[PDB]
Protein chains: 2
Amino acid sequence: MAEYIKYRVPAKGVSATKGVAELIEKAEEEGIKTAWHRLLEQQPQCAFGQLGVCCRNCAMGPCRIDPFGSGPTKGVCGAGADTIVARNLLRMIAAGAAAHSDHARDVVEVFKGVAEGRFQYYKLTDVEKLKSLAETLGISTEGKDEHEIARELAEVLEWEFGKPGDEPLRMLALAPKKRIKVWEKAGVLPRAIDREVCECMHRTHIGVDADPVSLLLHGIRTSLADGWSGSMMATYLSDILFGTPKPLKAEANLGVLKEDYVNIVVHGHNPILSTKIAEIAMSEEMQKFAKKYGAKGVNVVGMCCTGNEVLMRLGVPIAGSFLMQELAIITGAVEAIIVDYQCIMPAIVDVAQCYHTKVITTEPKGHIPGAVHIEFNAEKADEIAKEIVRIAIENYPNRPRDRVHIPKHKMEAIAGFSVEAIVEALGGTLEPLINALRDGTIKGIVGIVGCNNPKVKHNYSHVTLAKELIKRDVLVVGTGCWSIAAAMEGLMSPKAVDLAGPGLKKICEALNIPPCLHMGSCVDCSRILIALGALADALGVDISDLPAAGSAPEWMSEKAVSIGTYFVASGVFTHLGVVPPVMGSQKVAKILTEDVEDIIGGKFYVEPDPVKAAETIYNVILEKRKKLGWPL
Amino acid sequence: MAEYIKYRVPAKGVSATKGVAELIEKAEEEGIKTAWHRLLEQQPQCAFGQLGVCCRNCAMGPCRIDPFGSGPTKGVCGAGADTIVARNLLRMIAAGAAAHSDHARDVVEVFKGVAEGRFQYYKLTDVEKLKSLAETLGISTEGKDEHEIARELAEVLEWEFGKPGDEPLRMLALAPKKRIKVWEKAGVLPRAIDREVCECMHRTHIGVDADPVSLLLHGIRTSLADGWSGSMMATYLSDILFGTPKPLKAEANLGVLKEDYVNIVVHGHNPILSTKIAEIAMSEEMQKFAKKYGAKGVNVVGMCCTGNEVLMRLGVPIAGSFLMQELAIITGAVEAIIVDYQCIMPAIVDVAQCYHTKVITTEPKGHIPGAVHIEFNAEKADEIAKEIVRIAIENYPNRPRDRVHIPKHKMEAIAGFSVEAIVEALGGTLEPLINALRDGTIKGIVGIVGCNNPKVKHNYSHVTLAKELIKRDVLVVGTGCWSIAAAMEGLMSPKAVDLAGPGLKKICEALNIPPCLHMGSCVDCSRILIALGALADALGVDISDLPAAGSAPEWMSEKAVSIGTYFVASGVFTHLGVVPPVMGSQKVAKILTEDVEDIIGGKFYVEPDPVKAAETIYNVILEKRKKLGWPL
Ligand code: SF4
Ligand code: SF4
Ligand code: FES
Ligand code: FES
């Protein structure tokens, strides 16, 4: 059962959100390893892999390149350090784009089934978004039923994954003509998403593409296939199926788990499952079932991006971010955690085996040995959701109440700020915020996104960067676990305006919004690309000229690499708070942080310090203001 | 210029083909590093990577799993050794399938351009193959022009890469119904190739698929998308465009390079380029151009799989296999080496910079820094080929004749044994070879394929396994660098029958074929799958019941991993002569070499010794004979 913890985690400085330390210590006293303990067990981590100068692409390896110059400078094949670093980064981009593309593909399948009248458990709820998106891609809407429009749109979207021509992706019709011309001159226009992923897997194959420039340019093309198509399709279809998010209020942090209620966690990414689970479990049938089993009711909380989806659409309380999933089971009050795929730590099974908690996997692509697999499908969605919630409610009597410790800490957060909601907040036009940017009332906008990584202090960089930006009158928007961190800290509560500078304070009180805008999940970074795209278009300007920046302060996933790359390729200066494994090559490092600005108009900037990164981002914003002839 | 060689390669036992030792020593005395020297510089290679128990799939890594049990047993995410090994192998399968799929995609593009009447430099030469393949996939041929049939076929083939349904790949119509039912029960039927590659990249993403069984089953599905579709399309369309190979004779080994002729090497994989280069350079215009430049003419030789393509179709002499590419430049007589993609050592540029040799890259996916890029396209194919051959001929005067050493060693080889050619050799029916298998005149058939790897003796396992099999009356067929090795040794010369056993000797003299059948390039392993598929179907039998085996004695590429996996999945016992990086996990090792036989009917078997592997393969063949009620 219990395990010997070899190295203990100094808990008082491990995290920036209240409750994480208590639960790490509870795990220690129970002998349960978390991600921090295993990170400590991994150290020292291999320097060659950390710098990206180790390749395992063929059986003649593994090969190490010594950047000291002490030992070997070339692999068995002859690959230098530049080639190996660029290829490994290309495969990271491929994997992130692939994750987002499979997400989009599942939502496309459900949307097409609804267009044909097959999945009657799912609606076309935003017919306006459907018609406008169909018109944007060249589909006439008038004279047609909603479902026929949806059928034609679905046919085009299905084809985004594998169309055979060298014509650009259809969804690129959402990108401004300036970005279009930039990508055309650079030759990075994506053609079909799965083809881009497969071509990266081919280029990195031994003896194919050894040039860092071409490798990274195709990485740019693949990231664009992700952001402006795959993730974009995911967001647009999730809005069409479950509603475009509008501003609402909810609760954040692990204080949302209840003592006298069945606690059901929804963890993962695809809302096709989580929306059904939440609606079924907060239905009154399951409420009285839980009362029959000795509870006051059923409380469903969310974690990570599927939690963000249910938070933005239904107001479901979000319990925590990435590195907190384990900790949620260590509260001792989780009857069941329902997962689909992406960023589901396998360790959550181990942890769950020291309690009563059931780890329910539901998707054929997300298997974890030891879990209980109840496969979800669209046609019998409500029945599977009922069965799952029933299993959780029936496990409720097994909760070891003697080992329950839920941290009190709970925070209010205003979420649901899609681009449509933001434009509605401005009176239906972009003009007031544009005037605020031109005056200097708002210096700029910064999108903060990304994961958690135990190599940096938990959620510290997220919140510190957000604070330092909003205090300098910079409107902060963001997605993902950054948004979970900001919500748990209080940066999205109605009083968060207190920490903003004078101009941001005045405008947030003039529009009744917080100074930090939760724009949704990791695929909802596409929303950011729309927002900037609108701004740049309203000002007769490219995205690269906007006084704006992006940041991933604590990233860890290959999805984050794809997101940062397509931010750069979209022309936004993009900061990384975790050092990508590229420092083993000077050429690749300067391409990433320098040479690529001339090509597409954005670039990377590595800085693990949140305050330093805030100063650099603010200086870049001031530079873009000076280039725009604006006041500073 | 020259380099200090830190460790010298014992050349007298380095290889099994004559001439390799002399050229390794010439490289040493010139200070030019080959793959062997850099392999020596890499040792000791990291044990964790060698056993597959090191993962770099996220920024929380790199993570090592200690199979000793000394240190950490789980990664930061919680992934055990089984998960990490299975995921890394899945990405190898993804990369190999992707390489073969991009190859097929380029040939599909050219074939579709010819169907529309656009690339008039390319013909429909095998209209019979075109019509039969179109009928096999449900396209009626009668009443239609050749080009219209080709258009409909191309539409179906284009869709193999990205069709949106969960329906199986169309090309699976070439697989027997028994394999169909096996794959259906296992649930590994491939749907769309690029989707399979992208789904592997998604499953191996952090926190998605952690179960080794599901990971490896999707690897099986992806390998099937490669072998029975992508590689199959590549082979079928290459035959339709450039002719189905028929038996012919040619020369092998580095003795085919001439002293008084311009020497042009074609290296790579896609014949769209190499056929044009060979035809243009052996045209009389370039012959008199080379005479004007002081040479007797132009001699074009091939290396690796594109060399195998031009060898099977035109009789172009093949100069060597994988590990010999560098050595070909060290002869000092190569005016130009023309490469497209796949297994092009970047080091060949370095080596070429110590001579006059020009490394010409021609494909947008195959860039090598320092090379000269003359991009090839179908519409201006003949003009680009003329320009390239002219550059080689004009470089001829720069050959340092003082530093020229071409090994005399040259061997005759009978190549061009496609399935059609083999059936034509048997009188148009499969009955004589089936009778020979039933009698015991031929014990079985074994396909030998794969790469070269300097960790094992060069070409030694290829030739030794082929010899040990044919001496026990086992018909040896094979592709790729195994076929180059067999051709250079003499196992495909008319006298090779001398080394065969009595039954194989009698039947090869009765049909005037060698005991070793060159069936083409790495994609032409699809031919093998057809052959077995025919045999199994003629006997009313599954492929798994045939007295047959496959082997990759010296593999190194991820393409080889995909090929071996889809051989296994096709039901053939498949031997590996190089240990895959899986031994860090007992569960994955037993799935690969044991548990998977119950699922699909084949399995892996690791044995780096060629004689041991020959005995095991022969015993498995005898087992399959006993199960068939045949004599032993
Ligand atoms: S691709 Fe080259 S550098 Fe990478 S492992 Fe293979 S031989 Fe070594
Ligand atoms: S996926 Fe897991 S095992 Fe692999 S590097 Fe990431 S944290 Fe370590
Ligand atoms: S030697 Fe450490 S990542 Fe390969
Ligand atoms: S530690 Fe050697 S392959 Fe990663």
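The rules we used
Residues numbered from 1 in each chain as written, not as in the entry; some residues may be left out. Chains lettered and ligands numbered in written order. Heavy atoms only, no water. Helix = DSSP H or I, 4+ residues; strand = E, 2+ residues; numbered from the N terminus. Rg over C-alpha atoms; globule rule 2.2 N^0.38 Å. Buried < 20%, exposed > 50% of the residue type's maximum accessible area, 1.4 Å probe, protein only. Areas by Shrake-Rupley, 256 points an atom, 1.4 Å probe, with all protein chains shown as cover. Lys, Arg positive; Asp, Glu negative; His and termini not counted. Charge placed at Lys NZ, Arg CZ, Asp CG, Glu CD. Domains from an automatic or database assignment. Contact = heavy atoms within 4.5 Å. Buried area = accessible area lost by both parts, 1.4 Å probe. Salt bridge = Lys/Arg side-chain N within 4 Å of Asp/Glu carboxyl O. Pairing = 2+ DSSP bridges. Axes fitted to C-alpha atoms, helices over the stretch in contact; angles between N-to-C directions. Least-squares fit on C-alpha atoms.

What follows covers the overall build of chain A. Counting secondary structure elements, chain A contains 25 helices and 16 strands. Compactness check: chain A gives a C-alpha radius of gyration of 24 Å against a globular reference of 26 Å for 632 residues, within 12% of the reference. Over its C-alpha atoms, taken along the principal directions, chain A stretches across nearly 70 × 65 × 50 Å. A buried classification covers 69% of the 632 residues belonging to chain A. Carbon and sulfur atoms provide 51% of the accessible area of chain A, an area that totals close to 20100 Å². A distance of 3 Å separates the average location of the 70 positive side-chain charges in chain A from that of its 77 negative side-chain charges.

Moving on, we get to the domain arrangement of chain A. All names here are of chain A. By domain assignment, chain A separates into domain 1 (68-245), domain 2 (246-416) and domain 3 (419-632). Just the C-alpha atoms count here: the centres of domain 2 and domain 3 sit 30 Å apart. On the domain 3 side, the residues contacting the 27 residues of domain 2 number 29 residues. The junction of domain 2 with domain 3 conceals about 2200 Å² of combined surface from both sides, 71% of it contributed by carbon and sulfur atoms. Seen at the junction of domain 2 and domain 3, the total is 1 salt bridge.

Next up on the list: the sheet that holds strand β14 (residues 548-552) of chain A. Strands in a sheet are paired, the pairing made by backbone hydrogen bonds, and the direction either parallel or antiparallel. Residue and element names in this part refer to chain A. The 6 strands lie next to each other as β13-β12-β11-β14-β15-β16, forming an open sheet whose pairing is parallel. Among the strands making up the open sheet, the edge pair consists of β13 (516-518) and β16 (604-606). When strand polarity is set aside, the average angle formed by the axes of neighbouring strands in this sheet is 25°. Pairing analysis gives 3 bridges linking β14 to strand β15 (residues 574-576), with the strands arranged parallel. Note on β15: the bridge partner recorded for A552 is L576.

Attention now moves to the relation of the copies chain A and chain B. Related by rotation about an axis and a shift along that axis, the two copies of the chain form a pair. Between chain A and chain B, which share one sequence, the superposing operator has a rotation angle of 180° and an axial displacement of 0.0 Å; the RMSD is 0.0 Å. Interpreted geometrically, this transformation is the action of a two-fold axis. Scanning chain A for the C-alpha nearest the rotation axis identifies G162(A), at a separation of 2.0 Å. Both copies present the same face, since 100% of the interface residues in chain A are matched by interface residues at the equivalent positions in chain B.

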